[PDB]
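J.: The sequence shown stops at residue 64 when you use our numbering, and every number in between is there. For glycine and all other residues, C-beta sits at the position ideal for the given N, C-alpha and C.
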Amino acid sequence: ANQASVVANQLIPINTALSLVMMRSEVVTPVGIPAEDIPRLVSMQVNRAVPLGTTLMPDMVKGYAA
């Protein structure tokens, strides 16, 4: 029900380190990475470009496991 996920606040380029300005949280479906994990995602890189408004999924972040 109201589980929030990490959503791209701007287009995030391929192989670019995540910063706090790039991640907002929102209740979306399907559920992606939990919003609580935003501080731990800081400095991790995406392995594909992530368009504005896309839910960040576990498979998109290099080195993510949680």
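Compare the C-alpha of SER23 against each of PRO11, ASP57, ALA15, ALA33 and name the closest.
T.: For the residues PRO11, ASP57, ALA15, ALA33, the minimum Cα distance to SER23 belongs to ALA33.
J.: Secondary structure at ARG46, three-state DSSP: helix, strand or coil?
T.: It is coil, neither helix nor strand.
J.: If you compare alpha carbons, which of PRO28, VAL25, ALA6 is closest to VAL59?
T.: Per the Cα distances, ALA6.
J.: Quick check on the DSSP output: what are the complete beta strand (DSSP E) runs of length 3 or more inside the segment 3 to 52, in order along the chain?
T.: Fully enclosed beta strand (DSSP E) runs of 3 or longer: 3 to 6, 21 to 24.
J.: Hey, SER17 and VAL40: beta-carbon distance below 8 Å or not?
T.: Result yes, Cβ atoms of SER17 and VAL40 sit closer than 8 Å.
J.: Do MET42 and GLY61 have their beta-carbon atoms positioned less than 8 Å apart in this structure?
T.: Cβ atoms of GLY61 and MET42: closer than 8 Å.
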